[PDB]
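Novice:
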Amino acid sequence: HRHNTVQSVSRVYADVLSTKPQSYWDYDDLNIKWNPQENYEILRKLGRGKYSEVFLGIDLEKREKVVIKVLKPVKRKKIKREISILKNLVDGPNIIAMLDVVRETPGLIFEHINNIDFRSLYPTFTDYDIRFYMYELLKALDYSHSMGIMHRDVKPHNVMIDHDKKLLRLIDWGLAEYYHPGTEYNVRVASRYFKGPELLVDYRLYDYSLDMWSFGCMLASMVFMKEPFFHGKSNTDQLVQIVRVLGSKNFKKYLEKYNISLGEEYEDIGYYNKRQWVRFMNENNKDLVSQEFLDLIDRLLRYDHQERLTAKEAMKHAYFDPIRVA
Amino acid sequence: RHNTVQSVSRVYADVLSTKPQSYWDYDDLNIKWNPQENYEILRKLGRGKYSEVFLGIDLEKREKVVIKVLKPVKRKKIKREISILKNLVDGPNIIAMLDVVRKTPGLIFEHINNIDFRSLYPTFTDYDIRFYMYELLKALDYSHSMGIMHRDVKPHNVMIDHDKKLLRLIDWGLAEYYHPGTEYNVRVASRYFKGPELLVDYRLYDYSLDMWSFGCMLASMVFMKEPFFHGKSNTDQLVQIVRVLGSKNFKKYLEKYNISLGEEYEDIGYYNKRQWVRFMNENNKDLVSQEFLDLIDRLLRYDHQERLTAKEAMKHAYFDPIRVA
Amino acid sequence: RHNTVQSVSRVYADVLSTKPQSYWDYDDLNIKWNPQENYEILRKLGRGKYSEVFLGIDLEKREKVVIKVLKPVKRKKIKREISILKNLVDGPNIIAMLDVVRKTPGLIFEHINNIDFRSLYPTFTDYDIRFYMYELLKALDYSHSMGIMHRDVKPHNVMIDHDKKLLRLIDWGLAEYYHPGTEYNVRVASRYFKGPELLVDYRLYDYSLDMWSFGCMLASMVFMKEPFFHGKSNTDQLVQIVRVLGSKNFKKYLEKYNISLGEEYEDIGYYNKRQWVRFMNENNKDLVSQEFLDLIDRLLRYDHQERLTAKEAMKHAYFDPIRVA
Amino acid sequence: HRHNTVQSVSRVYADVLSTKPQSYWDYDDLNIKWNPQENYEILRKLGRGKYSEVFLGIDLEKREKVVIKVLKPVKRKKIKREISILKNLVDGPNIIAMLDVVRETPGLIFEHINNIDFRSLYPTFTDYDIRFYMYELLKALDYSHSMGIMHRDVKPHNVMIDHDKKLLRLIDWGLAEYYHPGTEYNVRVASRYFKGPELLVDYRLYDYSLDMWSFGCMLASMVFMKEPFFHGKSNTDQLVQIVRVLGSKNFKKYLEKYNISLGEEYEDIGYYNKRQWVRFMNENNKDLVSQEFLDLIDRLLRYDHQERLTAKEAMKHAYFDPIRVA
Ligand SMILES: Nc1ncnc2c1ncn2[C@@H]1O[C@H](COP(=O)(O)O)[C@@H](O)[C@H]1O
Ligand SMILES: Nc1ncnc2c1ncn2[C@@H]1O[C@H](COP(=O)(O)O)[C@@H](O)[C@H]1O
Ligand SMILES: Nc1ncnc2c1ncn2[C@@H]1O[C@H](COP(=O)(O)O)[C@@H](O)[C@H]1O
Ligand SMILES: Nc1ncnc2c1ncn2[C@@H]1O[C@H](COP(=O)(O)O)[C@@H](O)[C@H]1O
Ligand SMILES: [Cl-]
Ligand SMILES: [Cl-]
Ligand SMILES: [Cl-]
Ligand SMILES: [Cl-]
Ligand SMILES: [Cl-]
Ligand SMILES: [Cl-]
Ligand SMILES: [Cl-]
Ligand SMILES: [Cl-]
Ligand SMILES: [Cl-]
Ligand SMILES: [Cl-]
Ligand SMILES: [Cl-]
Ligand SMILES: [Cl-]
Ligand SMILES: [Cl-]
Ligand SMILES: [Cl-]
Ligand SMILES: [Cl-]
Ligand SMILES: [Cl-]
């Protein structure tokens, strides 16, 4: 007994990839047909990871602004995986639009969003600005989940917002992966402040519920005015900050339910009792904190990835009633 | 004159005292007219008792404009509307009169892409109502701070481009400068949004008339009932107002201003005041908040002096989920 | 069938040979209808012999949309228009049919803010004519490259938002897929923009019919004379065409296709061909360029085969001051 | 005889400042009433001179994008001069809009223009894109000239263009100065590639004609596809590149007409004959070069600042006929 036989299957959108052609999910055999690259000239470097280098660009023929993303030519399966996902989510709500793909180092052309950084735009948000833009983020998450794709990197950095147009786009799909039921995925995904408990205990049978925990970490940070909500120094300490809030009783139960072998590096985790979400409320965030929010955030930040609210169920929560169009 | 109990606006009463005679003297104004051929008519927009509104084209800019041509029977009033639109050019959510042209005079307004109110308002959320009415309060507070009453606040005169989240208050033909101690014509605004001061012929009103008209718009949008005060006439309009606000506060309102009432309501009854929460049904319960009931109670009042001013309404806790301040 | 001299499009003839039967078989199509209550009617836009167009509201998006409701007398044709609009969703300057709804069927189109043509076109510069007609050629070349003739190119079917420099070709009810060797109904397009092939009952036409309609639009915009071929009827429409293009080239056109002419033009005269520069007066001399006269001569021709294709017209030197390529 | 008595007066807009109140042109006694500065937060530094430092900003209350320009607190007359000119040209065609002024180092808040740099957007221009945007630049120049203000720094850097909206704005008024007839101004204005001959020979009695020469240097560069048109290594060599094209006969005449004492540092300037503007035409720029352009550029790049075309006269030239709305 090496693999785990106690296994999880997504409650929603479990078998959507089985109803699509092989060319949809088989990104390794995708055939990218490249367009001329001199139709786009680099203006300014927006930033860089070490998997990528994004720039501000010019569609020399269309003379609009676009964002070019030069990928490292060291990996191809990850390269064609991102192009595969963006091409499938081309007509999705609040999904970043991929306009072209060039080479001669593959370059991916995205639409430019006149956005403002998150460390400055969010502190200016009101109560209904949070409920609105998060609902728009749920629209993008629910679509790709319905298309068998989990983002696996939901964070305020990867969420562009054009507040002048009330526009939101979810970007950075380099970590997104297709969901086949029963698949064991890499746990080294997302970022520390938004990693789910399944990633910190090395439970590889996760589904779209991963993007849901990162969404809860975002919503809890903006409403409670604490960035990040779970502030951990390490991946080991990140789980401690989660057990500190959700308690140890439900954590050990989450492990016994899915028979997760918790490495005894987490033995130093002591007894923690579950806290009330109301304890994080102060004079600054008291207008953003509501009874509807405290209920929604309680059903989002769960150990059990199956008992968490789906993107569609979160949209129907009463917390978005003052903004939902009927 | 006309002997009556006096009343002065408790706010923005001495604004015109701080401005030259050039500001409010709308008859001394000399208008520099411009050629009318720069604008052509595309589609007729709205008829009128005193004007006609069309869809226009700015032949050099080729953008969309709105032309309001007037019958020339009134010089002093025509100059009054041009005087007011020229004083509120920097006003937030105030329509921007672009030019005047020449027979008859024509006024060029900026074009706002919008959907009619009773086709757009039924789709408004709690967010949309608090956001847009706060934008409307921005226009009312500025014009009042400039010494100008609108005297015709109604959803027809509120242009909303929802795709751009814009709001523009339009139609300033019934507007007027406010000088303390001046009877204005009670034949202003429209029936469903007339204040009790217009219905009892109390002519010394002020900016608070627009606040009653604002409360009529808000109460109907929240309670989902247009109009909120459905009246057959200006006499029945008052009866429908006291049917809700009560006979007790109505008696105190007539005593404070010594209002000798008309013979027609002879058969008016004693209406016990109905609480504001009694209008909350299962269809609008999500729009009826506890802070709204406090706001709607401090706006819809007989005595115009105890009504909330525009600025006082913008600082109310009802707009907390939408206000940046 | 009907015995005649044959003709095949020299371009884009085998496009439908490269696509599945699912593409052009518009009767096998199964449409997934959607609720109509998501869209409400605000203002009626245009009447029609076969449809009615209104201004709409996308109750959830609350943006402006355009609803074209149809009489249900024709299944196969209704499916034909939906089939064509669904194949050109990525087409440049093609109108984006957003949804179909349900009695009668309704088609949701995107809304374009624009001014009527004969109020906007008189304000067009040399820049505006070359730029916008090049945008219209983008829509024609794409639909032709997709095997679809429009068969109704006219300024009424060209929506221009000049404030955003946008152009959208609309009204694809008369459109049709092109298969080589197929008589199409000569009762297409409108009188002022009908090609000579429709007027002599030559049914084996192709995409070049839209190019004659394009040349009629361009020649009138440049020479400032709408319409360029003013005809009382479809018979007089031809007489006005040969009055300019000449009887000599008309004889060669009837010989190449063995067109036995109708009895009605019995009294037609011999018109010497009038040069294209003779239409340059002092009012349009700044719009009449030397490269335009070459372009207008290679577009307005009897023989549809020798007319310029859409792509050939876009690469013409007339669009050099505006084309990026 | 120390000052010059052979003197020049603007052919147009000579006495416009005499018809405006004293508060209009007397910028030294302007009273700036500052607004709170924490309503604007700095996002990214766009660039810097050593008289200024411009940043990308956020109207925290309006949540739109603005450009903040923090001036050095070393000079005040130049500080209030720029605020004086921007406030007077507030409702001008294609003039950059000043929205607010803050302190606590004075900070000037401008409207943000979604523009693209000039070294990349101009090589994509067509024939009618040049005629259009230059006509829009003439609209801004003619307005401020009609308001008694000369920009004195017209260059492609100081011209923002939102090609997506067909929008143009003339920025950077730190060198702009009010025009009083008979005034001797500082010749150390503008930039080398666009300095007029009056600046290179130290003729201080120039008027709005200064902005006209810089406009001609811009139009000649974009049509002939040579940036810059007069490429000089120094201020002394810059005049040599001008005499190289316009000839020495008209130059010595320009000096004898206005009795300009040319420092014998320019003695090494030899005999130059006037060239034909047609000689700068090649296969690349032959579509942009037209008979109407060669006439307009010949009447713009003149030694005599009085004989140059005004901004209004340049707008009525036949070169802008295919784009001018009648
Ligand atoms: N579509 C876009 N529009 C505007 N900025 C973008 C876009 N995509 C990425 N960025 C910027 O690129 C940076 C992130 O790059 P990276 O860290 O390489 O993922 C941030 O500054 C983002 O704001
Ligand atoms: N500035 C404007 N922009 C767009 N529509 C307007 C404007 N002004 C008036 N309308 C229309 O005119 C009607 C209002 O009545 P009136 O003010 O009499 O024209 C409504 O149908 C409005 O949509
Ligand atoms: N998508 C659209 N956007 C704006 N106006 C339209 C649209 N489609 C049709 N129209 C209007 O409808 C008329 C054209 O005739 P029809 O296609 O029969 O409605 C003109 O008045 C157009 O302005
Ligand atoms: N209103 C504006 N919108 C966008 N960029 C601007 C604006 N004003 C100045 N800049 C930028 O500021 C830089 C010039 O700053 P400086 O060299 O200090 O004058 C250039 O990168 C300009 O594009
Ligand atoms: Cl499912
Ligand atoms: Cl397949
Ligand atoms: Cl373009
Ligand atoms: Cl607790
Ligand atoms: Cl005074
Ligand atoms: Cl009156
Ligand atoms: Cl009572
Ligand atoms: Cl509330
Ligand atoms: Cl097939
Ligand atoms: Cl047919
Ligand atoms: Cl002949
Ligand atoms: Cl030409
Ligand atoms: Cl003058
Ligand atoms: Cl003064
Ligand atoms: Cl806002
Ligand atoms: Cl020469």
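Chains as they are written, first to last, in the authors' numbering: chain A, 4 to 107, 112 to 333; chain B, 5 to 106, 111 to 333; chain B', 5 to 106, 111 to 333; chain A', 4 to 107, 112 to 333. A prime marks a further copy of an entry chain.
Beta carbons are placed, not taken as given, at the ideal position from N, Cα and C, and that holds for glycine.
Compare the C-beta of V296 of chain B against all C-beta atoms of chain A and say whether one is closer than 9 Å.
Specialist: Counting from 1 along the second sequence, the entry for residue 296 of chain B is found at position 288. Answer no: the Cβ-Cβ gap between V296 of chain B and chain A never drops below 9 Å.
Novice: List the residues of chain A' that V332 of chain B' touches, going by C-beta distances under 8 Å, in chain order.
Specialist: Residue numbering aside, residue 332 of chain B' sits at position 324 when the third sequence is read from its first letter. Within 8 Å Cβ-Cβ: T131, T133.
Novice: For the alpha helix (DSSP H) holding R79 of chain B', just list the boundary residues, first then last.
Specialist: Residue 79 of chain B' sits at position 75 when you count from the first residue of the third sequence. Counting along the chain, the alpha helix (DSSP H) containing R79 of chain B' begins and ends at 79 to 91.
Novice: Quick one: grab the DSSP three-state call for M229 of chain A.
Specialist: Indexing the first sequence from 1 puts residue 229 of chain A at position 222. Looking at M229 of chain A - three-state DSSP - the assignment turns out to be helix.
Novice: Do you know how far the Cα of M167 of chain B' is from the Cα of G239 of chain B'?
Specialist: Within the third sequence, residue 239 of chain B' is the residue found at index 231, counting from 1. Within the third sequence, residue 167 of chain B' is the residue found at index 159, counting from 1. Going by the C-alpha atoms only, they are around 25 Å apart.
Novice: Near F287 of chain A', what residues of its chain come up, given a Cβ to Cβ distance below 6 Å and the 5 sequence neighbours on each side ignored?
Specialist: Position 280 of the fourth sequence, counting from 1, holds the residue named residue 287 of chain A'. Cβ within range, chain order: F231.
Novice: Does the beta carbon of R138 of chain A fall short of 8 Å from some heavy atom of ligand 8?
Specialist: Position 131 of the first sequence, counted from the start, is the residue given in the question as residue 138 of chain A. For ligand 8, not one heavy atom lies less than 8 Å from the Cβ of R138 of chain A.
Novice: Do the segment 189 to 200 of chain B and the segment 217 to 226 of chain B touch if we need at least three Cβ pairs shorter than 8 Å?
Specialist: In short, these stretches touch, since the Cβ pair count reaches three.
Novice: For the segment 58 to 76 of chain A', which residues have a beta carbon sitting closer than 7 Å to at least one beta carbon of chain B?
Specialist: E64
Novice: For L177 of chain A and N122 of chain A', what's the separation of their Cα atoms in angstroms?
Specialist: Stepping through the first sequence from its first residue, residue 177 of chain A is reached at position 170. Stepping through the fourth sequence from its first residue, residue 122 of chain A' is reached at position 115. Their backbone Cα atoms lie some 24 Å apart in a straight line.
Novice: Can you tell me which of the three DSSP states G277 of chain B falls into?
Specialist: Taking the second sequence and counting its residues from 1, one reaches residue 277 of chain B at position 269. DSSP, reduced to helix, strand and coil, places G277 of chain B outside both helices and strands of the structure shown, so it counts as coil.
Novice: For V296 of chain B', collect the residues of the same chain with a Cβ closer than 8 Å to its Cβ; drop the 5 residues on either side in sequence, then sort them by chain order.
Specialist: Translated into positions along the third sequence, residue 296 of chain B' becomes position 288. Apart from the 5 residues on each side of it in sequence, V296 of chain B' sits with its Cβ closer than 8 Å to the Cβ of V230, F231, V285, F287, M288 in its chain, given in chain order.
Novice: Does the beta carbon of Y326 of chain B fall short of 8 Å from some heavy atom of ligand 12?
Specialist: Here residue 326 of chain B refers to the residue found at position 318 when the second sequence is read from its first residue. Taking non-hydrogen atoms of ligand 12 into account, the C-beta of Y326 of chain B is found less than 8 Å away from one of them.
Novice: Measuring CA to CA, which of A':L307, A':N292, A':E320, A':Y326 is closest to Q298 of chain A'?
Specialist: Stepping through the fourth sequence from its first residue, residue 298 of chain A' is reached at position 291. Taking only the C-alpha atoms, the option nearest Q298 of chain A' is A':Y326.
Novice: For chain B', is any of its Cβ atoms less than 9 Å away from the one on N38 of chain B?
Specialist: For the purposes of this step, residue 38 of chain B is identified with residue 34 of the second sequence, where counting begins at 1. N38 of chain B does not count as touching chain B'.
Novice: Pick from B':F300, B':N292, B':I267: whose alpha carbon is nearest that of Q10 of chain B'?
Specialist: Position 6 of the third sequence, counted from the start, is the residue given in the question as residue 10 of chain B'. Each of B':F300, B':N292, B':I267 was checked against the Cα of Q10 of chain B', and the nearest Cα belongs to B':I267.
Novice: List the residues of chain B' whose Cβ lies closer than 8 Å to the Cβ of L128 of chain B, in chain order.
Specialist: Here residue 128 of chain B is taken as the residue at index 120 of the second sequence, counted from 1. Neighbours of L128 of chain B on chain B', chain order: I61, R66.
Novice: Count the other CB atoms within 10 Å of the CB of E64 of chain A; is the residue buried (16 or more) or exposed (fewer)?
Specialist: Numbered from its first residue, the first sequence carries residue 64 of chain A at position 61. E64 of chain A is exposed by the Cβ-count criterion.
Novice: If you draw a straight line from the alpha carbon of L226 of chain B' to that of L175 of chain B', how long is it in whole angstroms?
Specialist: Here residue 226 of chain B' is taken as the residue at index 218 of the third sequence, counted from 1. Here residue 175 of chain B' is taken as the residue at index 167 of the third sequence, counted from 1. Each residue's Cα considered, the two are about 15 Å apart.
Novice: Quick one: is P329 of chain A' near chain B', going by C-beta distance under 9 Å?
Specialist: For the purposes of this step, residue 329 of chain A' is taken as residue 322 along the fourth sequence, with counting starting at 1. Under the 9 Å criterion on CB atoms, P329 of chain A' is classed as interfacial with respect to chain B'.
Novice: Closest Cβ-Cβ distance between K173 of chain A' and chain B': below 9 Å?
Specialist: Reading the fourth sequence from its first residue, position 166 is the one you call residue 173 of chain A'. With 9 Å as the cut-off, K173 of chain A' counts as an interface residue toward chain B'.
Novice: Could you tell me how far apart the beta carbons of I82 of chain B' and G60 of chain B' are, in whole angstroms, since I believe they sit closer than 8 Å?
Specialist: As a first step, residue 82 of chain B' is located in the third sequence; it is residue number 78 there, counting from the start. As a first step, residue 60 of chain B' is located in the third sequence; it is residue number 56 there, counting from the start. Rounded, the Cβ-Cβ distance is 19 Å, inconsistent with contact.
Novice: Mind pulling the chain A' residues with CB within less than 8 Å of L46 of chain A?
Specialist: Residue 46 of chain A sits at position 43 when you count from the first residue of the first sequence. Per Cβ cutoff of 8 Å: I123, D124, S127.
Novice: Less than 9 Å between the C-beta atoms of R159 of chain A' and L217 of chain A', yes or no?
Specialist: Working through the fourth sequence from its first residue, we reach residue 159 of chain A' at position 152. Working through the fourth sequence from its first residue, we reach residue 217 of chain A' at position 210. Yes, they are a contact pair.
Novice: What does the alpha-carbon distance come out to for the pair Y186 of chain A and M157 of chain A?
Specialist: As a position in the first sequence, residue 186 of chain A is number 179, starting the count at 1. As a position in the first sequence, residue 157 of chain A is number 150, starting the count at 1. Answer to the nearest angstrom: the Cα atoms are 7 Å apart.
Novice: Please confirm whether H152 of chain B' has its beta-carbon closer than 9 Å to some beta-carbon of chain B.
Specialist: Along the third sequence, read from residue 1 onward, the residue named residue 152 of chain B' stands at position 144. Interface flag for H152 of chain B' against chain B is unset, since no Cβ pair is found closer than 9 Å.
Novice: Measuring only between beta-carbons, confirm whether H164 of chain B' sits less than 9 Å from chain B.
Specialist: On the third sequence, residue 164 of chain B' is found 156 positions in, with the first residue counted as 1. Output row for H164 of chain B': interface = no.
Novice: If residue 111 of chain A and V57 of chain A are in contact, beta carbons under 8 Å, what's the gap, nearest whole angstrom?
Specialist: Here chain A is numbered 107 followed immediately by 112, so the structure offers no position for residue 111 of chain A.
Novice: Going by the DSSP bridge assignment, what does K48 of chain A' pair with across the sheet?
Specialist: Counting from one through the fourth sequence, the residue named residue 48 of chain A' turns up at place 45. Note: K48 of chain A' sits in a beta bridge opposite A':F58.
Novice: With DSSP as the reference, label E234 of chain A as helix, strand or coil.
Specialist: Walking along the first sequence from the start, residue 234 of chain A turns up at place 227. Shown here, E234 of chain A sits in coil according to DSSP, grouped into three states, outside any helix or strand.
Novice: Counting C-beta neighbours from all protein chains within 10 Å, is the total for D32 of chain A' 16 or more, i.e. buried, or is it exposed?
Specialist: The residue labelled residue 32 of chain A' in the question sits at position 29 within the fourth sequence. Its Cβ having fewer than 16 others within 10 Å, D32 of chain A' is exposed.
Novice: Just jot down, in chain order, the residues whose CB lies closer than 6 Å to any heavy atom of ligand 17.
Specialist: A':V15, A':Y16
Novice: With DSSP as the reference, please indicate the residues paired to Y185 of chain A' in a beta bridge.
Specialist: Position 178 of the fourth sequence, counted from the first residue, corresponds to residue 185 of chain A'. Answer is A':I156.
Novice: With a threshold of 9 Å between beta-carbons, can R138 of chain B be considered close to chain A, or not?
Specialist: What you label residue 138 of chain B is simply residue 130 of the second sequence in a count that begins at 1. Chain A, which has a Cβ nearer than 9 Å to the Cβ of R138 of chain B, makes this yes.
Novice: Residues bridged to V69 of chain B by DSSP?
Specialist: Residue numbering aside, residue 69 of chain B sits at position 65 when the second sequence is read from its first letter. B:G60, B:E118.
Novice: Closest Cβ-Cβ distance between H170 of chain B' and chain B: below 9 Å?
Specialist: By one-based count along the third sequence, residue 170 of chain B' stands at place 162. It does; some Cβ of chain B falls within 9 Å.
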